[PDB]
Amino acid sequence: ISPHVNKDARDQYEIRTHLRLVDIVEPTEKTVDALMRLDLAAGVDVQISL
Amino acid sequence: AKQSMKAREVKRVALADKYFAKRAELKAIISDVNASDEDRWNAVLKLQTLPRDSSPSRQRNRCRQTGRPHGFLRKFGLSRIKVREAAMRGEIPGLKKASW
Amino acid sequence: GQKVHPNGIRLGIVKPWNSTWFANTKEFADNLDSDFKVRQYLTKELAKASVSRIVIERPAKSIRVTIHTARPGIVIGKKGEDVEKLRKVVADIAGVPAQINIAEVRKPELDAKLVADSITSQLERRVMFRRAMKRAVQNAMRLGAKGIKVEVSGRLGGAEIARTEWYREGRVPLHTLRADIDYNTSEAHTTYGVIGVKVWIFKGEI
Amino acid sequence: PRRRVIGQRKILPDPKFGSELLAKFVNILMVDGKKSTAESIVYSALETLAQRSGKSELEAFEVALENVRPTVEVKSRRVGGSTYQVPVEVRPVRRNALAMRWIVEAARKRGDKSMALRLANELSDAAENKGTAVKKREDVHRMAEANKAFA
RNA sequence: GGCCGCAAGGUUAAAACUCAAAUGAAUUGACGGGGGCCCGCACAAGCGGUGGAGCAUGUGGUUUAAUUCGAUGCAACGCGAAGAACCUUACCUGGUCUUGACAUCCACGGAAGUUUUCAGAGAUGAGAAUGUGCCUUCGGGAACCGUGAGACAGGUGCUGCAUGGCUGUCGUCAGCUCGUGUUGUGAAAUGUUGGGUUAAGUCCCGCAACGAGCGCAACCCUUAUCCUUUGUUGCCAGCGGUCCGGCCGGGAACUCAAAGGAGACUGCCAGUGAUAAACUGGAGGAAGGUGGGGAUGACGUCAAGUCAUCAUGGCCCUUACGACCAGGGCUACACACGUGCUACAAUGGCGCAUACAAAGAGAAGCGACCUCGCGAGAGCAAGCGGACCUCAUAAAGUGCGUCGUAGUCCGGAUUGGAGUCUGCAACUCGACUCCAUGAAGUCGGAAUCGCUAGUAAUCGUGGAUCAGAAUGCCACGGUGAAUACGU
């Protein structure tokens with residue numbers, strides 16, 4: 001945290017990543033369209049597997 | 001950093017992109033076992049006629065805002081000083097001060 | 001001693017972030033550089049429109065930017081003839097579809113960035129720094145703040161030995177983490193060198 | 001310290017027998033956090049010692065200690081620019097601690113083959129009133145007696 | 001010079017020259033080999049080290065064409081460097097260009113893919129193939145390659161005693177101040193002192209003071225105990241299949257994962273105390289009095305550090321203090337110092353075979369099973385953007401043999417010969433393997449350092465930088481002490 005020598009005097013940072021999983025057992029055509037036609041927030045990442 | 005060092009870096013990345021496939025071919029030839037044993041000599045003698053700046057190991061990671069050749073972090077593209085500045089201003093999503 | 005950044009120490013407790021998105025390791029650096037270039041261009045273009053904050057979001061495969069300003073007319077223009085141009089340039093820089101939104105600052109006298117910008121502007125036209133500082137403090141305390149602090153440093157008045165001065169009114173508790181404290185800074189370029197300004201404003205606990 | 005009261009830590013009793021004195025002896029003997037090695041050494045030594053005297057290990061140990069426990073010692077004082085040796089009484093816990101420390105220090109200085117052998121020889125000599133431990137006790141008492149005028 | 005005295009001397013009493021001050025009484029600090037009260041691994045009581053040997057690394061000096069620049073008592077010396085073979089590079093020797101290696105302007109024509117010759121290379125010359133899109137109202141020139149002229153570009157060049165921003169230190173110490181009132185001609189004082197008490201200017205009672213601010217405490221992260229939601233890639237007590245294995249049908253109970261809640265406050269009892277603030281014991285409880293560990297740094301001090309991250313006033317150079325290139329140097333070696341690693345052995349060295357962890361990283365990435373090699377590795381090849389696959393086998397420990405106090409069956413510097421891999425390229429100057437050689441050293445003079453509990457000591461494991469290069473730095477668990485009478 002200093003532009004020159006001092007060698008102690010540090011800063012420590014973190015990033016945390018949260019994760020969730022959801023399972024659908026018996027789908028139908030209407031539901032799959034309903035999911036594929038949905039929008040969510042500007043900070044969530046969504047992965048769909050068939 | 002001086003204005004000529006960054007120019008050197010741009011030139012390096014350009015040439016490395018340009019000559020990528022030829023080198024991989026020549027190196028596969030030289031490495032492969034059971035070769036004619038003169039094709040090896042030829043490939044070795046040709047791999048050194050290409051420009052020196054076309055090798056990926058002549059490149060140096062630098063800070064994207066200042067040009068500093070030390071204290072580089074790969075997740076951010078910046079040096080320690082500018083990382084701290086942006087972090088305190090609030091421009092790096094998810095990052096904050098840690099204790100445990 | 002040295003002090004910790006108020007905004008920084010408060011992120012996640014009472015203060016929000018300026019950028020919101022998720023990315024992985026192969027996109028993080030590029031996204032940061034694109035945001036930096038966007039902010040540089042907007043701050044150069046809107047120097048006289050009283051900008052105090054630029055918030056960036058990256059949903060799906062586009063970019064949406066919110067500008068917090070105190071003179072929205074100068075930004076919007078005659079039926080959009082300026083907002084459209086800004087959107088085109090930002091889309092070119094980002095490389096994806098773009099959207100711009102404009103939000104208004106009701107009280108410019110309780111905003112940390114705008115007070116500091118006003119002081120620097122006055123200092124560059126040869127006004128007396130004591131007058132500037134006292135006016136700032138009085139305005140803030142008149143319009144409803146619970147406390148304010150102002151600090152200035154450099155070659156004041158053309159002196160040869162540099163100096164630092166500050167004024168305070170009300171409460172300004174910096175060790176309390178639930179306190180709502182706004183902070184920002186600015187720089188003035190004169191014929192004798194650089195002068196620096198810092199501003200703190202307190203609004204209440206939460 | 002200056003303004004403190006420190007309580008006593010609890011110590012588990014030995015597994016084979018049930019004495020806390022022997023646990024403290026193991027503790028004083030151990031090095032680098034290896035309690036198993038110390039327990040092996042002590043148990044082997046007490047085994048080889050019980051024969052040489054035809055009594056229980058505990059009785060041999062107690063008789064060995066009773067000849068090395070000290071009674072009076074000397075502290076140093078310097079307020080007038082000169083060092084004076086002032087005799088003081090020793091209290092029971094310190095008596096036991098000093099005895100154990102001296103026994104182990106004497107043992108490590110011998111020249112036999114195994115550490116268990118050295119420990120057993122030292123304990124036997126102590127029960128017979130010979131060796132460096134008893135010499136140390138005698139020297140301390142002599143110094144304390146020679147300075148009785150400063151009590 | 002006169003008077004007086006045996007003498008020692010006494011009494012009366014000037015000038016030249018030189019300086020701009022000499023001095024009294026009070027006021028706020030700092031200091032004392034002055035006094036009083038209280039703190040801290042400050043001492044004392046203990047455990048392990050450094051100073052001696054060999055090696056790794058930084059600094060002074062000397063050397064050299066160059067050994068690039070900066071940091072210098074505590075608070076510089078494994079420090080900027082979180083990684084110098086070329087590159088990085090800012091230094092040296094030699095070969096080269098001048099509106100330029102990086103930008104904005106004006107106007108004269110056309111563009112990117114292969115392939116030949118002289119060059120150490122930079123850079124010179126010969127060739128072959130192509131004719132883009134697009135209002136062509138013909139002006140588009142947007143896109144991007146050439147050359148010419150001049151407003152300009154460029155500088156890790158000096159001043160951290162002209163500066164902004166950022167940091168060290170006294171010190172996580174308990175202090176530092178204001179408004180109104182009152183006292184003194186004034187500088188100033190009171191409040192903030194006093195009797196008790198606390199880790200604390202923490203709190204209560206008194207008192208020409210009455211109130212408020214910055215600090216102290218609390219709100220934030222983590223760890224220890226409980227219950228209610230969801231149960232796959234994570235979990236198996238009851239039930240039933242057997243190729244023995246959570247393998248399979250199943251179960252939602254238990255470990256565990258991660259969201260909302262409960263809990264600790266001198267709350268309750270007894271004694272002391274100013275009919276107080278508090279203190280010392282006891283119950284219940286996973287935990288008791290700040291439960292344990294982090295983050296959090298007041299007004300100020302040292303013209304403390306950094307113009308070489310960046311930004312910036314003043315000075316300075318522009319066919320050169322600015323570009324490009326191939327070789328060398330930052331790794332030198334009579335010597336002095338700081339910080340570390342491995343040892344000098346039986347609480348151990350060597351051979352066989354066998355329990356028990358935590359936290360992390362991975363697409364130009366991590367690389368299983370199988371085959372070849374004594375080995376460092378090589379060939380062929382699944383799986384995984386991951387509670388699923390891979391890195392990846394914990395070590396100290398325990399059981400059985402042998403060595404027998406020897407410079408050793410202890411220690412592993414140095415040197416010869418033969419190899420593997422990264423990389424255009426390992427001479428100067430890389431890491432690792434195999435056969436051989438087998439140095440100093442038997443516990444270190446005067447000095448001197450760390451540590452109060454899951455701490456010291458000791459054993460292994462991961463990551464950042466990174467083509468390759470840790471005995472350094474930042475993190476994780478295993479075994480597990482001694483001592484504190486006292487100031």
Side-chain angles (χ1 to χ4, degrees), chain A residues 1-10 12 14 18 20-21 23, chain B residues 1-8 10-12 20 23 33 44 47-61 63 65-74 79-82 84-85 97-100, chain C residues 1-4 9-10 12-13 24-26 147 153-155 159-162 168 170-179 185 187-196 205-206, chain D residues 1-4 6 9 27-38 40-41 75 88 91 94 97 101 111 113-115:
Chain A
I1 76 179
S2 174
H4 209 228
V5 59
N6 297 104
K7 179 58 190 248
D8 309 337
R10 320 228 205 165
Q12 301 178 315
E14 196 189 322
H18 301 256
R20 298 286 185 289
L21 166 73
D23 267 11
Chain B
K2 292 152 90 193
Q3 295 265 76
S4 34
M5 313 297 306
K6 323 200 210 179
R8 287 189 208 167
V10 157
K11 186 165 146 128
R12 261 144 210 172
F20 187 66
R23 286 172 140 268
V33 69
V44 159
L47 177 54
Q48 54 162 102
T49 48
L50 291 69
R52 260 167 191 205
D53 278 305
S54 53
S55 166
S57 283
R58 309 257 293 190
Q59 288 169 24
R60 185 95 201 194
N61 276 347
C63 182
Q65 286 169 24
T66 54
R68 199 180 191 264
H70 274 290
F72 185 87
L73 286 71
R74 269 163 181 208
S79 62
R80 30 171 204 105
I81 296 150
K82 293 286 150 161
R84 184 171 182 241
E85 268 168 53
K97 277 181 76 121
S99 147
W100 74 87
Chain C
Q2 268 75 260
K3 274 107 179 144
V4 76
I9 200 76
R10 258 151 203 103
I13 300 141
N24 274 128
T25 311
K26 65 184 310 309
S153 295
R155 272 177 92 172
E160 264 165 352
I161 301 179
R168 190 199 287 158
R171 279 176 80 208
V172 183
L174 288 164
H175 281 62
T176 306
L177 289 164
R178 69 167 161 201
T185 87
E187 263 166 35
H189 295 92
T190 83
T191 61
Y192 300 108
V194 186
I195 285 160
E205 298 192 21
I206 302 170
Chain D
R2 272 195 206 273
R3 63 166 166 194
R4 266 85 178 273
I6 308 100
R9 253 182 223 110
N27 281 343
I28 291 168
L29 200 132
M30 158 171 55
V31 316
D32 297 355
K34 295 170 144 188
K35 217 177 224 203
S36 311
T37 316
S40 283
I41 291 170
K75 284 200 307 208
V88 295
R91 60 198 212 274
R94 196 159 154 77
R101 206 189 296 154
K113 226 79 145 163
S114 75
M115 183 59 199

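Chain A is the first sequence line, chain B the second, and so forth, proteins listed ahead of strands; every chain is numbered from 1.
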Report, as yes or no, whether the 6.0 Å neighbourhood of atom NZ on B:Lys11 holds more than 12 heavy atoms from other residues, nucleotides or ligands. no
Across all strands, who's sitting opposite E:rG322 as a Watson-Crick or G-U wobble pair, both distances under 3.5 Å? none
Categorize D:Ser36 for me: base, sugar-phosphate, or nothing, with a 4.0 angstrom heavy-atom threshold over every strand shown. sugar-phosphate
Taking 3.5 Å as the limit for both distances, would E:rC265 and E:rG288 pass as Watson-Crick or G-U wobble partners? yes
With respect to the phosphate group of E:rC220, does any side-chain polar atom (N or O) of B:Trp100 fall under 4.0 Å of OP1 or OP2? no
Looking across every strand, which nucleic acid part, if any, lies under 4.0 Å from C:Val4 by heavy atom: base, sugar-phosphate, or nothing? sugar-phosphate
Phosphate OP1/OP2 of E:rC424: any B:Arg23 side-chain N/O under 4.0 Å: yes
Kindly confirm whether the side-chain ring of B:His70 is stacked on the base of E:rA81, judged by centres under 5.5 Å and planes under 30°. yes
How is B:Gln65 classified with respect to the nucleic acid when contacts are heavy atoms under 4.0 Å: base, sugar-phosphate, or nothing? nothing
Say whether, by atom type as modelled, one donor and one acceptor occur between the side chain of B:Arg12 and the main chain of B:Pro56 under 3.5 angstrom. no
Conformer about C1'-N of E:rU96 - syn within 90° of 0, anti elsewhere: syn
Base versus backbone protein contacts along nucleotides 151-161 of chain E [heavy-atom cut-off under 4.0 Å; B, S, -]: ---SSS-----
Identify whether any heavy atom of C:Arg168 sits under 4.0 Å from a base atom; if not, whether one sits that close to sugar-phosphate; answer base, sugar-phosphate or nothing. sugar-phosphate
Under-4.0 Å side-chain N/O to phosphate OP1/OP2 contact, A:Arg10 with E:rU167: no
Would you say E:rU163 pairs with E:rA311 if a pair means Watson-Crick or G-U wobble with both distances under 3.5 Å? yes
Is it true that E:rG109 and E:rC145 form a pair, Watson-Crick or G-U wobble, with both distances below 3.5 Å? yes
Determine: side-chain N/O of C:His175 to OP1/OP2 of E:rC216, distance under 4.0 Å, yes or no. yes
Within the pair D:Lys35 and E:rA481, is there a side-chain N or O less than 4.0 Å away from OP1 or OP2? yes
Please check: side-chain N/O of B:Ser54 versus main-chain N/O of B:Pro51, any donor-acceptor pairing under 3.5 Å? yes
Counting any heavy atom closer than 4.0 Å, what does B:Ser54 reach on the DNA or RNA strands: base, sugar-phosphate only, or nothing? nothing
Watson-Crick or G-U pairing of E:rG80 with E:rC69, both H-bond distances under 3.5 Å: yes
For D:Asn27 and E:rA482, is the shortest distance between a side-chain N/O and OP1 or OP2 below 4.0 Å? yes
I'd like to know if E:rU483 pairs with E:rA276, where a pair means Watson-Crick or G-U wobble geometry with both distances below 3.5 Å. no
Please work out if A:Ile1 contacts a base, only the sugar-phosphate, or nothing of the nucleic acid, heavy-atom cut-off 4.0 Å. sugar-phosphate
Identify whether E:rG58 and E:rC337 are a Watson-Crick or G-U wobble pair (both distances under 3.5 Å). yes
Donor-acceptor pair, side chain of B:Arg80 and main chain of A:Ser2, under 3.5 angstrom: yes
Would you call E:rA112 syn or anti, using the 90° rule around 0? syn
Between the base of E:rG40 and the side chain of D:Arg2, is there a donor and acceptor pair under 3.5 angstrom? yes
N/O (side chain, D:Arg94) to phosphate O (OP1/OP2, E:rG46) under 4.0 Å: yes
According to a 3.5 Å cut-off on both distances, are E:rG460 and E:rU437 Watson-Crick or G-U wobble paired? no
It should be established whether D:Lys75 places a side-chain nitrogen or oxygen under 4.0 Å from OP1 or OP2 of nucleotide E:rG486. no
Is there a side-chain contact between C:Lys3 and the phosphate of E:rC299, meaning an N or O under 4.0 Å from OP1 or OP2? yes
Given that both distances must come in under 3.5 Å, which nucleotide forms a Watson-Crick or G-U wobble pair with E:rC451? E:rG46
Which part of the nucleic acid does C:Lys26 contact within heavy-atom distance under 4.0 Å: base, sugar-phosphate only, or nothing? nothing
Using a 3.5 Å limit on both distances, is E:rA53 in a Watson-Crick or G-U wobble pair with E:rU342? yes
My understanding is that only residues two or more places apart in sequence, or in another chain, count here; which of them pass side-chain hydrogen bond (donor to acceptor under 3.5 Å, both in side chains) with C:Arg171? none
Using a 3.5 Å limit on both hydrogen-bonding distances, do E:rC55 and E:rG340 make a Watson-Crick or G-U wobble pair? yes
Are E:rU225 and E:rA262 a base pair, Watson-Crick or G-U wobble, with both contacts under 3.5 Å? yes
Between C:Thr176 and C:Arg178, is there a donor-acceptor pair closer than 3.5 Å when you use the side chain of the first and the backbone of the second? no
For D:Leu29, which contact category applies under a 4.0 Å heavy-atom criterion: base, sugar-phosphate, or nothing? base
Please classify the nucleic acid contact of C:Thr176 as base, sugar-phosphate, or nothing, using heavy-atom distances under 4.0 Å. base
Answer with base, sugar-phosphate or nothing: what part of the nucleic acid does B:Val10 contact at a heavy-atom distance below 4.0 Å? nothing
Looking for any heavy atom pair under 4.0 Å, which part of the strands does C:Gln2 touch: base, sugar-phosphate only, or nothing? base
Any B:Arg68 side-chain nitrogen or oxygen under 4.0 Å from OP1 or OP2 of E:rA90: no
Base contacts versus sugar-phosphate-only contacts with protein, heavy atoms under 4.0 Å: please encode nucleotides 450-466 of chain E as B, S and - from 5' to 3'. ---B---BS------SB
Which atoms form the tightest heavy-atom contact between A:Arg10 and A:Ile1, and what is the distance? C-CG2, 3.9 Å
Indicate, with a heavy-atom threshold strictly under 4.0 Å, whether B:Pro51 touches base, sugar-phosphate, or nothing. nothing
